[PDB]
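Colleague: Structure in structure tokens, see below.
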Amino acid sequence: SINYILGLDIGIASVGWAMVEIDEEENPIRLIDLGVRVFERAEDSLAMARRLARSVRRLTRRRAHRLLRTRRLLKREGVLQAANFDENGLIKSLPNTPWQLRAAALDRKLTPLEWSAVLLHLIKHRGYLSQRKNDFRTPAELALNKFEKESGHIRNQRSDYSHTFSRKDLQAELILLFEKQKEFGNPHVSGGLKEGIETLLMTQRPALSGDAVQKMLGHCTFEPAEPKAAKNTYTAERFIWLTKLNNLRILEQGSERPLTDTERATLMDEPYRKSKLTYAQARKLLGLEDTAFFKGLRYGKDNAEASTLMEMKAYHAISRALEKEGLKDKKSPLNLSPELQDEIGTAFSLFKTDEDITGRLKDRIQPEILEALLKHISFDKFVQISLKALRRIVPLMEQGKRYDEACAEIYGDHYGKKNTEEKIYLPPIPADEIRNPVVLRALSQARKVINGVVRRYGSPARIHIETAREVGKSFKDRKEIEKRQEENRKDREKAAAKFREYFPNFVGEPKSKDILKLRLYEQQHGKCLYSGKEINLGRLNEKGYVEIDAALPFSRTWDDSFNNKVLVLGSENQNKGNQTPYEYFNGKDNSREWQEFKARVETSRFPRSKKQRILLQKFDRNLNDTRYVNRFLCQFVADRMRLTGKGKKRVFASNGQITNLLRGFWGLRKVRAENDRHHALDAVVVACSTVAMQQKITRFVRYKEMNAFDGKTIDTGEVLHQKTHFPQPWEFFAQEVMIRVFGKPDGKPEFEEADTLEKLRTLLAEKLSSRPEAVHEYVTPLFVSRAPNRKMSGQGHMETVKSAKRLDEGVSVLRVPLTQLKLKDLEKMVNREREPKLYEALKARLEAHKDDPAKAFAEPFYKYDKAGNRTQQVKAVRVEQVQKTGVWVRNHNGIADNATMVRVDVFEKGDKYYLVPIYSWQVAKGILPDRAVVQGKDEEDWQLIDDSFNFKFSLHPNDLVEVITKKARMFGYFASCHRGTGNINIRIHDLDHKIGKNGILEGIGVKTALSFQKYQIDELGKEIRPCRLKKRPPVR
RNA sequence: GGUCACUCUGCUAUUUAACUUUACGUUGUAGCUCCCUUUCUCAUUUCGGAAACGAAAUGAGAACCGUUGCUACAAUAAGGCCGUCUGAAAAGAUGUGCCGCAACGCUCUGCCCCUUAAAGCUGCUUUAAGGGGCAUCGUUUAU
DNA sequence: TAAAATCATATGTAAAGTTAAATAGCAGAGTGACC
DNA sequence: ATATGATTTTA
Ligand SMILES: [Mg+2]
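Read left to right, the first sequence gives residues 8 to 50, 56 to 146, 173 to 658, 665 to 759, 762 to 1082 (the UniProt record's numbering).
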């Protein structure tokens, strides 16, 4: 066959792959083949969006269900008498004054209709119930009075948020309303009715029930049939304390030593004996004259030995719960067998509801103790090793054995249980282990590419993959990194301690967002960074008092990084909406408030990176998934695939820094020429990168002070690039590579590409004259393959609903806010002529404010009668919009634009092609469209399809298409189809931004097309084979 | 001696998946409401008149439609279902009711492509066996 | 004018929480491949 | 990014 090395540059969206032939001494000698697999889809996540849509489906459905149940309950308790309901089960003549009725129920009897309206309104708007284990008289009255005698509206609004009502405040309202209405008569104050209404209002499903944790929990390292153990387990805590104890090291004057058996015995039961065993305390218990330090620590400008080193969190948690419930003496030790401690830790870790926990503990532990435990405990996180393996390992570590010693005595080695069964073809990725569809897709596509090169060229000798790791750093660099991480650790400790201070009643310990809140409270000086008012730290858990605002919105930045979050008031955050602080304070004209906000920012303890981001006034993603893909790939490949290389480790995990340095050392520095083809180039370097070069680079950067991106060292002040030490594979490596990868010659991107075998072979036999091994069998050009998306589902329609009452005309009607009503919108306002004075006044404001609606309508706009008096305020106006097509939604009461076109069917009649667009909602419906696009006309005047039309094929996104238009011949990848125009759009495989519009041929006609035919292509860019459909495919 | 990979532990930073809720936003429908096109009915006032009667203009009042603001109800993908109790059925009662914008895969089905063999035919076709790829198929994924 | 290109404009949003999984890096203990 | 109205250019 042939001996090559396969190199891989894998990203979130692409797999650049390359092959290099090596000799019997495994050096590189020839570039055999290369390609780029682009498997992404048209651009949070798709899975995240799916999850949010599912959650809102469940929310809508559960509210509808409980309101249905409420109407039913009202019927069964005789409140309503079935002359009250209609065909739809709705209540006829249901009054629409429930706030006023909720206020009046404090002072009079209510009509059965009034009282039903009150109950349904309370249950529909039921407020937020805390989910953490732990006027007046009425929120209604209060709302009515201040808000409406003073705000004009009761409900919250987009830019004017006004109230926050607890579910318990509304529960108090409900109870007080039944008590009052029973003072006044109201034969509808049943005990059953009360129970039912209050249960419908208060009930909500648990966040975790049953096996929810177990289905997510991992499995043991050593015995994979067993689940992980919880950290809040006597066995797991004893394991962690034994590993900290056996691995503890005293750095003496010059020598270091492990703890003596006697010292280990002096410490063993210390974390059990007291709340925490700190380093300074252990120091005092150990003798340890002052010229003795601990390997680890920090030993900075703080009391480092005050840091903990161990507390038996679960031991003392259980102990303190039992103590606080008068069941264990504080002085006395905990009185439960370790098996029971493990069982109760596992219980509160796997299960969170009282029901589920008791269902696993009642027969194991005494009901007084279980009562005390449900009350004060919260547990989580689970260590990496099951309880079984830990029960086997921790006794040996009690004896002094190291971690690996015990693991090797018991299981043979401390590497754990690995499945390694070589196969020639990489086995599919388990996908049980990877709950990340983007990572899973990248891994599956890399598998497809690898098994493709194996089906085509046999087994690779060695596979080199580019990871996301960084080169072993200097000793100064990583100690600076350590200082900064340690600064953060101490900030998190201070926040957690502050939180324990203010909230002694909290059950469990602070969670991450809790440390986030208080760490912001610290860095911000205890004030809302938008309003300047101090934050009442006593109520952080009150829903709505303060909210963690993504300063730059998630919908616009997809950013959750700490530098993006500020701690602001609930009202302030919600009025901010999805604006940036710059937009929110209008800092174009430095508003009185934008000057203040900026100042508040500059006087904060924020890092100067966060400060710059909080104020950006400018726009124009994810590498975690990439590193994850790669670590997994390397591990997977090594563990499971046949390789011909000489050694035992035939997979080399590389990283971008080694590729960057080799491209800088070999000439391929490539400022900003980023086009899909480049991923092949990297792959080549990855295949040429070897372990020796890894090691040598690491030595130069760590011990010889080399910068690990530019490749330069500075002596005095010389600035020398270390190019010499890393010879490229062959002399003219750069030139050949550039030609093979990109078609054109290295020096000039200006030249037209060689786009076939003959042109490319001639070009590279010419340019590099001397090297005759450059050309050979496999020197086909680089044609970037793209995965096809032939999936039939997707977003059915856009999410704005528009009025279709005038759809025959060909217009939708949507009510636009004035602050958004720009002057081109105004002339399409519906009452442009019905209300001429209104049109003219709106025009006047827009013209006076240079057509800036936010400034034009910052002052409230009202209508005026003929007498000149002020009348109603205008905050929005219906506006007409063209609508020639759409999706009926919301019980056929509105219409929305199309969102996703699933496929385009092509037919032929008289050597003319026609296009039938099919969208997602039609699949939902089961409709297979009859009419093909006519450019100028609406869909009714489109071409009916019947027996007289020859179906050619169907077309999904990124299917390969060839269109010949006696003006030009074009080949690609289908992207879009224009219903208005009837044309298609195609991506050029390499998305070369010089041809088309950013690499997309927009507006390609296929009506007069000489030839219009669909192709396929493999993972490598090989085997381009046109295919013809036989029978037109249904949609269901 | 170094670098690396992996095992476990503490930590820092970031991300993913799953779940439970809130409040908005949009559309429709109502009630009160703002403007306002049209159309009636009446009044007043000018014109005309032999009479009755007609004509304008203004001002009240309605009504269709448009529609401003507040409140409520319904819907919140398009589309499909499930338990329990009555009931011969028709169907009624009922529920912390369940799915639907992602991904993987090849066991069943559909659908594209390649190889090998056999036979035919003057490059195609049928039978067979194997091998891929994508799915409207199986599953993660159900009351 | 019919068909093909080009330009142009619009896309749902803010929170509260219970969880599990992953990776990059710092540090501590180890084994083994590899330079 | 896609979906598609609105406009200009081309056969
Ligand atoms: Mg915000």
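We put the CB at the ideal spot given by N, CA and C, even for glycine.
Under the three-state reduction of DSSP, which class applies to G608: helix, strand or coil?
Modeller: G608: helix per DSSP, three-state reduction.
Colleague: Could you please give the first and the last residue of the uninterrupted alpha helix (DSSP H) stretch that includes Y317?
Modeller: Start and end: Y317 to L323.
Colleague: Using a 10 Å radius around the Cβ and a threshold of 16 neighbouring Cβ atoms, would you call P309 buried or exposed?
Modeller: Result: buried.
Colleague: Could you check if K614 belongs to the surroundings of ligand 1, using beta carbon to heavy atom distance under 7 Å?
Modeller: Yes - ligand 1 has a heavy atom lying nearer than 7 Å to the Cβ of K614.
Colleague: If you compare alpha carbons, which of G972, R440 and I135 is closest to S839?
Modeller: Nearest option by C-alpha distance: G972.
Colleague: Pick from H133, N108 and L113: whose alpha carbon is nearest that of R78?
Modeller: Measuring from the Cα of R78, the nearest candidate turns out to be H133.
Colleague: Give the DSSP bridge partners of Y11, in chain order.
Modeller: DSSP, once it has assigned bridges, lists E28 as partnering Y11.
Colleague: Rounded to whole angstroms, what is the Cα-Cα separation between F999 and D1036?
Modeller: For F999 and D1036, the distance between alpha carbons rounds to 25 Å.
Colleague: Straight-line CA distance for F420 to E261?
Modeller: Roughly 15 Å separates the two Cα atoms.
Colleague: Just mark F592 as buried or exposed, buried being the case when its beta carbon has 16 or more other beta carbons within 10 Å.
Modeller: So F592 ends up on the exposed side.
Colleague: Taking all protein chains shown into account, decide if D658 is buried (16 or more other Cβ within 10 angstroms of its Cβ) or exposed.
Modeller: It is exposed - the Cβ of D658 has fewer than 16 other Cβ atoms within 10 Å.
Colleague: Under the criterion of a Cβ to heavy atom distance below 7 Å, does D598 qualify as lining ligand 1?
Modeller: Not so, every heavy atom of ligand 1 lies at least 7 Å from the Cβ.
Colleague: Going straight from the alpha carbon of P177 to that of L214, what length do you get?
Modeller: When rounded, the distance between both Cα atoms is 11 Å.
Colleague: Please work out which residues of its chain come closer than 7 Å, Cβ to Cβ, to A970, disregarding the five sequence neighbours upstream and downstream, and give them in chain order.
Modeller: Excluding positions up to five away in sequence, the list reads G842.
Colleague: Would you call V584 buried or exposed, if buried means 16 or more other Cβ atoms sit within 10 Å of its Cβ?
Modeller: Buried, by the Cβ-count rule.
Colleague: Hey, quick one: how far does the beta strand (DSSP E) through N224 stretch, first residue to last?
Modeller: Neither: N224 is in no beta strand (DSSP E) and is coded neither H nor E.
Colleague: Less than 8 Å between the C-beta atoms of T202 and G582, yes or no?
Modeller: Yes.
Colleague: Could you check if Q768 is buried or exposed, using at least 16 other CB atoms within 10 Å of its CB as the buried criterion?
Modeller: So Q768 ends up on the buried side.
Colleague: In whole angstroms, what is the alpha-carbon distance linking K848 and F1017?
Modeller: Computed Cα separation, rounded: 39 Å.
Colleague: Start and end of the alpha helix (DSSP H) containing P619?
Modeller: Residues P619 to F623.
Colleague: Is any heavy atom in ligand 1 found nearer than 7 Å to the beta carbon of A320?
Modeller: No; taking the cut-off as 7 Å, the Cβ of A320 has no heavy atom of ligand 1 nearer than that.
Colleague: Going by DSSP in three states, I288 sits in which element: helix, strand or coil?
Modeller: Reduced to three states, the DSSP call for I288 is strand.
Colleague: Please name the residue, chosen from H1024, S1057, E50 and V948, that lies closest to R1082 on a Cα-to-Cα basis.
Modeller: Nearest of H1024, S1057, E50 and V948 to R1082, Cα basis: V948.
Colleague: Can you tell me whether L15 is buried or exposed? The criterion is at least 16 other CB atoms within 10 Å of its CB, across all chains shown.
Modeller: Buried, since its Cβ has 16 or more Cβ neighbours within 10 Å.
Colleague: So does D951 have its beta carbon nearer than 7 Å to some heavy atom of ligand 1?
Modeller: Incorrect: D951 has no Cβ contact closer than 7 Å to ligand 1.
Colleague: What first and last residue would you give for the beta strand (DSSP E) that runs through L814?
Modeller: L814 -> no beta strand (DSSP E), and no H or E assigned at all.
Colleague: Determine the closest residue to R479 out of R44, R1033, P376 and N34, with distance taken between C-alpha atoms.
Modeller: Here the closest residue by C-alpha is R44.
Colleague: Can you check which of these residues, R205, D119, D173 and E188, is closest to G223 by C-alpha distance?
Modeller: Cα-wise, what sits closest to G223 is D119.
Colleague: Need the endpoints of the alpha helix (DSSP H) that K555 sits in, please.
Modeller: Residues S550 to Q561.
Colleague: Taking 7 Å as the cut-off, is the C-beta of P591 nearer than that to any heavy atom in ligand 1?
Modeller: It does: the Cβ of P591 is within 7 Å (strictly closer) of some heavy atom of ligand 1.
Colleague: Short of 8 Å in beta carbon distance, which residues of its chain neighbour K756, apart from the five on each side in sequence? Order them along the chain.
Modeller: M750, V765, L766, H767 and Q768.
Colleague: Taking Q701 as the reference, which of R516, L607, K790 and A506 has the closest Cα?
Modeller: When only C-alpha atoms are compared, the closest one is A506.
Colleague: Tell me the rounded alpha-carbon separation between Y960 and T670.
Modeller: If I take the Cα positions, the gap works out to 42 Å.
Colleague: What does a CB cutoff of less than 6 Å around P899 pick up in its chain, not counting 5 residues either side in sequence?
Modeller: So the qualifying residues of the chain are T865, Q866, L867 and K868.
Colleague: Span of the beta strand (DSSP E) holding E294?
Modeller: Per DSSP, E294 belongs to the beta strand (DSSP E) from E294 to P296.
Colleague: Assuming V606 and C566 make a contact with CB atoms under 8 Å, what is their CB distance in whole Å?
Modeller: With a Cβ gap of about 5 Å, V606 and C566 count as contacting.
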